[PDB]
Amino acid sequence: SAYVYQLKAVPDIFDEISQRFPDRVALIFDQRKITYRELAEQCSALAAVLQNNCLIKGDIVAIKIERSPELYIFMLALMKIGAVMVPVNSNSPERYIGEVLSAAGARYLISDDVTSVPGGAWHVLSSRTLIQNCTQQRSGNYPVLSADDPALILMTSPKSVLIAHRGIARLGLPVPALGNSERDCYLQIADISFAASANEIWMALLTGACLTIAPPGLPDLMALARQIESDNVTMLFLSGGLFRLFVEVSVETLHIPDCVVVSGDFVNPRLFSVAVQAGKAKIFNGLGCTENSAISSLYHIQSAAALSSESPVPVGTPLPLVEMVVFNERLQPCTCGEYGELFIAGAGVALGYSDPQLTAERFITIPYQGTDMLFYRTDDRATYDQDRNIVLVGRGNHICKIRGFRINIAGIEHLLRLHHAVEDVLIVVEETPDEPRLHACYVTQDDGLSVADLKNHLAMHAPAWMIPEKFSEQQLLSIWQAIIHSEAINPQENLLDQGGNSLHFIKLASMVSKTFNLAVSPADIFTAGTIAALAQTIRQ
């Protein structure tokens, strides 16, 4: 009877873990290996130091540290003293940092770069100063923490999500689908600002396994392959995009580990097929949900015969202490092939958003198995497989998943409207051969404005992953490309500033006048300035 037990908090699990496996490797960065004994000592020293700087239970403390051993020492230490973490991406722009810390209400900010952070109602603290201040015997005096106490805050579009201790402490339970243990090794490549990073960190540190730390910045697919082999990773978690990258460029890497878990967004089955055919490793499709703290369900693709373009790959069956139900409009569990909405419950469920009205919209208390149980209501349209696996079939909300980052369109539209040259912007999602792309249609009165201007504008206000990749005829451009011969050097973009010489413009005007029954002079060409203006005057 599961109601007779409850999870210990993350600090207590780590303390018992580090006593049961003290001589096991916990962290690897470059060639430096840190043991659980060594890591536990550093955690205890840093926790005492953090208490000296007036951090107490319940404080909202942000972390902005590059991927390094000190990042996880801070995570563990902040847990131990009962603070609430707000992880910030270290390459995030400081304007976005200001908005994040204000939405979270973070009163302290611990950073390895004090120059790259904004000022505000928070006290900024040097990571290096706090690490240097450690003493090698000081411990104790830490609060008793409950499983339901808050542990960290994550952001969704911004909405603040409050994660309980239990929501990540559940990753200290072995997952029967993975058969994971202390003998495994995890590669962390996900960013700490995302729930995905928990899958790598806490599944490692709370089972006695090893966590090998990828260097900061963008992933280097070949360095990651090199790193996976050198550090003998056995459990590999990947986003759909990065999984596709490995399949297309270095599929032989995907079978060095034992299990590969792809999660966060719909992936085309052919990529799974090539991966599954390519070797012995166990390939998984997983449901990950920020409001369920971390990875929630796994489906093991045993063979390519389970894959088809007729229907998407299942997300599988819940993790330990996770419960998932697909409900029809009458709050009945859907039968096989009946489409409904996916509800998630159990230990992983967040404590709620910062807005309690939105919390009531998305977190619902339902009597299930005869007991009042709280379900997070995902806006994912789903059904049950013939074998009671759960299959996601689509979406039904304004929150959209591009590259798995979960973006709200209206925020980027507004951020672009603040630019002096931009009058209004409309953003649309568009199909693309491999993954859907974000396409922004903008209107301006200024023509001396580059797409890079809008991109660099957003990059000071928002993360680089949030930028739309595309920003807002054929007969005219083809004619000019033949006149200058360089079909590829001259796009439909920009003015005619390369031009060539006089003769090129005369040739263009006469041929346009020949191909369109319209009188076009070089003066009309120079007054148009670009191909689009020529097309507009032609249709007029």
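We number the residues from 1 along the sequence you see.
Review point. Are any deposited residues left out of the model between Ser157 and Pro158, and how many (none, 1 to 3, 4 to 9, 10 or more)?
Key: In the deposited sequence, 4 to 9 residues between these two have no coordinates.
Point to revise | Count class of deposited residues lacking coordinates, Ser472 to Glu473 | key: Unresolved stretch here: 10 or more residues.
Review point. Taking only the CA atoms, which stretch has the higher mean B-factor in the record, 203 to 211 or 249 to 257?
Key: Per the PDB entry, the higher value belongs to 249 to 257.
Check your understanding: Comparing 142 to 150 with 359 to 367, which has the greater mean CA B-factor as deposited?
Key -> Result: 359 to 367.
Exercise for review: Pick out which of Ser111, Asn292, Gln137, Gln132 has the highest C-alpha B-factor in the PDB entry.
Suggested key: Checking the PDB record, the top C-alpha B-factor among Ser111, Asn292, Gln137, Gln132 is at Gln137.
Check your understanding: According to the deposited entry, which of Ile65, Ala48, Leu476, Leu39 has the largest Cα B-factor?
Key -> Highest CA B-factor of the listed options: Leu476.
Check your understanding: Thinking about Cα B factors across the chain, which third does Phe327 belong to?
Key -> Its C-alpha B-factor belongs to the highest third of this chain's values.
Check your understanding: Of the three thirds of its chain by CA temperature factor, lowest, middle or highest, which one includes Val520?
Key -> CA B-factor rank for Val520: middle third.
Review point. Where does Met85 sit by CA temperature factor within its chain: lowest, middle or highest third?
Key: Tercile = middle for this residue's CA B-factor.
Check your understanding: Lowest, middle or highest third: where is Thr530 by Cα B-factor in its chain?
Key -> Its C-alpha B-factor belongs to the highest third of this chain's values.
**Study point:** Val512 - which third its CA temperature factor falls in, relative to the rest of the chain
**Key:** Its C-alpha B-factor belongs to the middle third of this chain's values.
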